[PDB]
Amino acid sequence: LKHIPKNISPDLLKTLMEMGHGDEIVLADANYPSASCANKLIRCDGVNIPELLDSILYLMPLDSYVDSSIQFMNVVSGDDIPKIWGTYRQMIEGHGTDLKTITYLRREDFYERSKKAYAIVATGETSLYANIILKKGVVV
Amino acid sequence: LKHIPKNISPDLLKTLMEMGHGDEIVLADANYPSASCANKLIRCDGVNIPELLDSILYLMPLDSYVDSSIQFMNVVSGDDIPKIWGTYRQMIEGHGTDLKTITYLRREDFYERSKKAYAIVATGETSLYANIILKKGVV
Amino acid sequence: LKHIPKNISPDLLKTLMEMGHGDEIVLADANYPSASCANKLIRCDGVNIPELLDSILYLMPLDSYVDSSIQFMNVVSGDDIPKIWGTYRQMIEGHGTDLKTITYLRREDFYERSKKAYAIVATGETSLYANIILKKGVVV
Amino acid sequence: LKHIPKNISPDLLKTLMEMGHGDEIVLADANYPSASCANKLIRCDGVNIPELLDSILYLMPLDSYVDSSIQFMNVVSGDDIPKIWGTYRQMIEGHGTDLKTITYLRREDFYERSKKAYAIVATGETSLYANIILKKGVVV
Amino acid sequence: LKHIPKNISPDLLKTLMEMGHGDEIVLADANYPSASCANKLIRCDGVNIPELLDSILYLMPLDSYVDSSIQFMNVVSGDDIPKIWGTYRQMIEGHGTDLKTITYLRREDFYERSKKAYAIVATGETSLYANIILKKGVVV
Amino acid sequence: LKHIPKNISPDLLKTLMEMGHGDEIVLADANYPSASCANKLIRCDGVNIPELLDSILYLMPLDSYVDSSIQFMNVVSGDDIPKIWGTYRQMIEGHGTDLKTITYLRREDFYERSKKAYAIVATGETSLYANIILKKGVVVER
Amino acid sequence: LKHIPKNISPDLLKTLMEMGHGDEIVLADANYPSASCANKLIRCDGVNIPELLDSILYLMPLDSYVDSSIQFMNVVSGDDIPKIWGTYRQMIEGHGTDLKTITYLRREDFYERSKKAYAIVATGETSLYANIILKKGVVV
Amino acid sequence: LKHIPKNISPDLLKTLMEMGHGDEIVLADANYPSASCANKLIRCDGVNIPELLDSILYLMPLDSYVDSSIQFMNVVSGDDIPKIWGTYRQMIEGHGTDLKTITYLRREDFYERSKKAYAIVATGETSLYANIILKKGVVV
Amino acid sequence: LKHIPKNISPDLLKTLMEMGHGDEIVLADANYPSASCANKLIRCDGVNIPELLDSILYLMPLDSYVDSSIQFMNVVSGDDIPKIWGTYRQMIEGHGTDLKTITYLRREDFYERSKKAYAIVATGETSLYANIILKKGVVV
Amino acid sequence: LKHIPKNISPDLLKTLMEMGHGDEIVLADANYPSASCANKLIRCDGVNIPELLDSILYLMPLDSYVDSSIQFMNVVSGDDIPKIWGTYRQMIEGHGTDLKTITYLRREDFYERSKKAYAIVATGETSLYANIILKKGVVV
Ligand SMILES: C[C@@H]1O[C@H](O)[C@@H](O)[C@H](O)[C@@H]1O
Ligand SMILES: C[C@@H]1O[C@H](O)[C@@H](O)[C@H](O)[C@@H]1O
Ligand SMILES: C[C@@H]1O[C@H](O)[C@@H](O)[C@H](O)[C@@H]1O
Ligand SMILES: C[C@@H]1O[C@H](O)[C@@H](O)[C@H](O)[C@@H]1O
Ligand SMILES: C[C@@H]1O[C@H](O)[C@@H](O)[C@H](O)[C@@H]1O
Ligand SMILES: C[C@@H]1O[C@H](O)[C@@H](O)[C@H](O)[C@@H]1O
Ligand SMILES: C[C@@H]1O[C@H](O)[C@@H](O)[C@H](O)[C@@H]1O
Ligand SMILES: C[C@@H]1O[C@H](O)[C@@H](O)[C@H](O)[C@@H]1O
Ligand SMILES: C[C@@H]1O[C@H](O)[C@@H](O)[C@H](O)[C@@H]1O
Ligand SMILES: C[C@@H]1O[C@H](O)[C@@H](O)[C@H](O)[C@@H]1O
Ligand SMILES: [K+]
Ligand SMILES: [K+]
Ligand SMILES: [K+]
Ligand SMILES: [K+]
Ligand SMILES: [K+]
């Protein structure tokens with residue numbers, strides 16, 4: 001269609017539309033157990049996470065009513081911090097969100113919040129530890 | 001159809017009809033997480049709540065055997081009391097329903113009750129904290 | 001519910017509502033092969049057709065845009081003209097459609113039309129050749 | 001069909017047939033939350049309960065292996081004790097069942113039992129507190 | 001249940017009641033391609049046809065409005081006239097139906113009609129050419 | 001969501017999205033046989049068609065590869081020409097579509113084309129002969 | 001089919017086959033509540049248990065890794081220990097199983113174990129307390 | 001299970017059982033468009049055709065009412081004659097079936113007969129032109 | 001996974017594997033009516049056709065039993081020959097296919113063949129007339 | 001398809017692909033209760049476990065983030081150590097994985113683990129105690 005971001009599947013848009021204030025969506029990397037965890041699965045194997053996050057932030061406001069609307073997955077000790085978080089931070093600040101609302105959950109904590117999320121979008125993102133949890137806010 | 005309100009959808013009327021004494025129905029605003037909470041989902045994305053409440057009250061009696069047959073979602077203290085509540089109130093009293101039956105639920109409590117409800121209709125009501133739970137009476 | 005005839009079921013009211021101008025519904029007697037002809041089946045095995053026709057006529061205008069809004073199934077020339085037709089004619093008139101709209105269809109014509117109808121209603125009408133096809137009109 | 005009562009529906013018969021020793025079936029009045037409680041829902045919106053109870057008892061024996069094979073719904077004070085109970089009792093004896101088998105569950109207890117029942121039939125019964133639960137017996 | 005013949009399964013009785021006037025049902029021996037022909041399939045692999053025929057004709061009237069209300073499968077010329085046809089005739093007479101109504105179809109016509117019937121019941125009947133096609137009549 | 005017309009329901013947007021070039025969609029009025037004709041049914045019982053037409057024209061280009069990308073349902077005499085057709089014509093021109101693309105179908109023909117359409121949306125439009133068929137055009141990268 | 005007991009239905013064979021070591025299948029008499037207890041239901045309404053048990057014991061080895069691979073339903077006083085238990089033991093002995101493997105479960109314990117069984121088959125066995133639970137062993 | 005050939009899956013045996021006189025099942029090599037042509041699809045991707053032909057010939061009698069019970073795919077007039085046909089012919093006379101019942105179809109005719117067949121089993125057979133159509137006969 | 005091209009969704013791979021000789025798959029551009037035309041629909045809204053074509057040709061042989069294993073959609077009138085046709089041509093040669101196997105279909109004929117294809121994959125390819133139909137060959 | 005192990009079924013490949021880091025898959029022997037334990041069942045009745053394990057190890061890396069990514073079912077000792085274990089070890093070491101990751105689970109613990117596995121693949125492995133639980137690692 002005209003005016004809608006080009007990297008959003010028909011089904012993704014529907015689920016973004018039907019999501020209400022408080023509903024969470026996981027943007028999972030190519031390595032995340034998306035199918036096994038998901039309440040509702042959306043497959044987007046041909047899309048990396050930076051470009052997808054940008055489009056969703058364009059469309060979907062974030063929950064200001066909580067302290068933490070965005071969550072990443074904290075690494076296991078010995079593993080390196082993915083540099084991709086810098087792209088996320090750069091993007092998140094872009095659509096005028098305060099970077100303070102990001103918090104870090106550990107692997108098992110993350111796995112569990114994704115199960116309670118309304119949908120997981122399986123991406124093709126190769127970067128390790130690239131999983132993002134987004135919480136929908138109120139629409140103006 | 002003749003003699004039936006024009007803003008009650010086919011599927012909404014079916015579900016109102018099959019509802020029994022005690023069953024609850026949520027009238028959710030545009031911002032409510034309707035789809036994620038619904039046991040049974042009706043979308044009326046083009047209808048506003050006062051208008052839909054009016055039609056529902058005409059058709060469906062409210063539960064006399066409980067202290068509270070109506071619930072709103074309570075605001076965070078001490079934020080502004082939603083203006084539309086007045087509209088609702090003036091319509092609830094009118095169908096002959098005592099205002100002292102309305103009750104206010106914490107966001108979390110409201111969510112939990114909506115999951116146990118028979119159905120949630122998702123409306124286009126743009127106003128905040130505009131949600132309502134209704135409990136069916138006897139006919 | 002209030003203001004809605006007590007002899008119209010949840011599913012029947014839904015289908016009456018979603019019917020539009022021209023759609024046909026079949027009030028079928030107990031002997032009619034409703035299930036095998038039905039595009040969409042609605043069972044009301046405890047209801048008779050007089051009651052039902054009355055309630056339906058109350059909510060749903062007939063099709064003014066054709067010669068025939070109503071069709072009974074004809075007998076096999078001409079053994080015992082069914083008494084129940086008389087009861088139908090009384091209601092159909094003073095509701096208030098013109099009795100001249102009723103045409104009578106051959107068995108195999110009726111069967112065939114009933115398959116092209118939107119829905120059939122299986123009733124408990126024990127009378128013979130008691131079936132009816134009604135055509136929805138324009139609501140204004 | 002011949003030799004089968006005319007007011008029990010196709011899916012109703014299959015249901016009574018497939019029930020076995022110990023299974024319960026609720027015959028619910030027009031005000032019961034049948035749809036929302038039913039494990040399995042049979043709709044008979046045109047039928048009243050006394051005629052239905054008569055047909056079922058004809059086909060289905062009641063459980064002798066428990067002290068209560070029938071339950072009614074008790075009134076909340078101050079509602080009227082419905083007259084229909086008298087019709088029910090009069091009809092339950094006359095099939096030969098000892099009226100001592102009838103017990104009286106309060107509203108909330110009744111709902112919870114109907115939930116663990118194999119099937120609920122939503123009737124057209126207008127009388128209040130006209131709900132019945134029947135427990136299937138042994139055949140031989 | 002009480003008053004229902006013991007060899008009519010729950011789903012068979014249902015389909016028998018769902019059937020209207022003119023509807024056909026095929027009683028298929030254990031060599032018939034039941035599953036591949038059936039619009040709707042009922043399996044009674046442990047039942048033989050003559051006893052099934054008895055119960056069905058007991059419960060269901062035959063179509064007395066057409067030339068043939070019953071069809072068997074004619075043998076491929078040469079092969080023996082199956083004995084069971086005798087047993088069927090002594091079954092059909094009794095229940096008061098005239099054997100003049102039995103017509104005989106050839107394999108590829110018997111297959112064709114069975115596809116258009118409302119149901120095929122697959123039985124355990126080991127005898128050859130034991131297939132019967134039944135047409136439902138009026139219930140009064 | 002932001003930047004999306006607020007009268008386009010979640011399922012309608014999906015179906016507008018999954019439509020490609022040549023696909024058609026029917027905006028059916030309240031009296032229309034939407035449910036019986038529909039390959040794929042979307043119910044928007046609370047929406048009027050001019051509102052919906054503006055939002056759809058905003059997002060979805062019309063098919064330039066055919067003469068008629070828009071069809072109305074012609075009247076039988078003596079029904080009146082509906083006023084809403086002006087409203088539609090006003091709307092269509094202004095999104096940049098030549099009114100020459102509008103053609104008119106006999107009630108009967110309209111029904112049959114609606115059965116071959118990708119989707120019918122049932123609206124709350126009480127105005128008569130208010131049905132439209134729109135045929136999706138190519139979306140070209142700027 | 002050749003070389004396959006005639007009294008095993010298409011769907012029963014498949015269930016027996018997809019059962020692994022330790023899975024249980026219940027052979028239920030005509031009075032049992034099979035439909036309501038079953039995780040997976042197979043209907044063999046025209047077959048008695050004796051015949052069926054023989055075929056199943058011909059095809060399916062019994063679990064030798066537990067104390068008891070066969071459970072009958074024990075009676076409640078004062079009912080009679082049914083004669084069919086005699087018929088069961090050889091077949092059972094006759095297929096080579098040590099009868100000490102038969103353990104007896106009371107009514108409620110039987111229903112609960114059957115709810116946990118991979119499948120229940122509803123038979124036509126009019127005899128009482130004829131239900132049997134079988135536990136599949138290892139093949140070679 | 002005991003007394004069942006070991007290379008027939010649970011679903012294959014069921015489909016082999018529910019087939020009746022005249023039904024056709026296709027044994028398709030790894031390269032055959034099984035998924036697209038199948039009315040009913042059974043997958044046996046780890047199984048070669050000769051051993052499957054063995055078991056099926058053992059369990060399933062072939063149709064004697066036709067001159068041709070078996071169809072191979074004939075080669076494209078350019079391609080080479082497959083070794084596997086000799087295997088097949090030897091397999092076919094071993095059970096008492098005359099090789100004169102074998103016929104050969106050109107791809108087009110083969111594709112079409114397969115669509116009209118009750119089932120296609122997609123096998124792992126590597127040999128080209130390895131496909132077989134078997135038509136079931138009567139069990140006595 | 002290791003060794004599988006990174007831009008193939010789990011479902012596309014399945015589709016590719018279950019396709020056999022002669023089956024056709026349509027790589028559809030972002031303007032194609034993919035959903036209304038597809039018998040089986042795989043969405044890859046995040047992939048462009050060149051990268052998809054490349055990894056598909058790696059896995060899947062083309063049908064050499066026909067003059068044309070590849071079909072493009074010829075432009076109307078009218079507009080330019082898209083440059084991506086050069087890109088496809090450079091890839092098709094290199095994987096070892098004779099470019100003469102490419103034929104060009106009029107818009108309506110392409111649509112019609114795609115209705116007959118096993119599957120259509122909806123890509124995010126923004127180039128016009130970028131659609132490709134591939135026919136599967138034999139393997140190894 | 002080319003470059004893909006020949007013993008991986010279309011849905012198995014899909015399953016392996018849709019699995020993510022941490023997801024488990026049971027390779028279950030012919031005696032295992034796959035059907036009854038399986039959250040998601042893939043049937044591969046024709047295939048043995050070593051050839052299948054080998055192919056899967058080629059495609060799927062094992063989880064490095066736990067102390068044990070491979071589990072066998074331990075013997076009831078009771079029975080003796082099955083020789084199929086060494087064959088497994090020869091394989092998993094040949095794929096670069098350290099044999100100190102194999103743990104051993106008791107029969108009941110293995111059943112429970114398998115219920116919580118993403119998929120169970122039912123094999124034709126005739127070796128006893130031959131079941132394997134693989135846990136998927138990260139792909140770099
Ligand atoms: C160790 C982590 O496992 C998770 O499942 C993945 O989603 C992360 O990228 C990372 O590999
Ligand atoms: C803050 C509240 O969030 C809720 O989910 C909404 O339903 C209310 O309208 C309000 O926006
Ligand atoms: C002869 C007629 O057949 C029809 O199917 C029935 O609906 C009528 O009642 C009558 O029996
Ligand atoms: C108070 C009681 O509520 C129940 O649900 C109904 O079944 C009774 O008839 C009565 O209305
Ligand atoms: C030759 C005939 O084929 C039919 O399909 C069977 O139903 C008959 O019993 C007979 O065997
Ligand atoms: C007479 C016409 O019937 C059609 O079905 C409707 O869609 C038109 O709006 C009008 O009412
Ligand atoms: C009392 C027992 O009830 C059980 O459900 C039945 O299976 C027995 O046959 C017996 O009637
Ligand atoms: C050329 C032939 O194509 C067919 O589809 C396949 O089934 C044969 O094995 C062979 O490859
Ligand atoms: C005119 C053509 O229509 C087709 O459906 C599209 O796939 C092409 O890219 C082009 O736009
Ligand atoms: C005793 C064990 O039981 C399990 O179910 C099987 O999977 C093993 O192979 C073995 O037979
Ligand atoms: K996708
Ligand atoms: K809606
Ligand atoms: K009903
Ligand atoms: K059966
Ligand atoms: K398989």
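The figures here come from the full heavy-atom set of this structure, side chains too, leaving out hydrogens, waters and symmetry mates. Here is how names work: the chains are called A, B, and so on, in the same order as the sequence lines, proteins then strands, and each is numbered from 1.
Note that the CG atom of B:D23 and the OG atom of D:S34 stand 9.0 Å from one another [nearest 0.5 Å]. B:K136 contributes atom NZ, which lies 7.0 Å from atom CG of D:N31 (distance to the nearest 0.5 angstrom). Rounding to the nearest 0.5 angstrom, the gap separating the CG atom in D:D45 from the CE atom in B:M17 is 8.0 Å.
Among residues two or more places apart in sequence or in another chain, the side chain to side chain contact (heavy atoms under 4.5 Å, CB included) test is passed with D:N7 by D:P5, D:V47, D:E51, D:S55.
Contact record, D:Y111 with B:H21: OH-O, 3.6 Å, taken as the closest heavy-atom pair.
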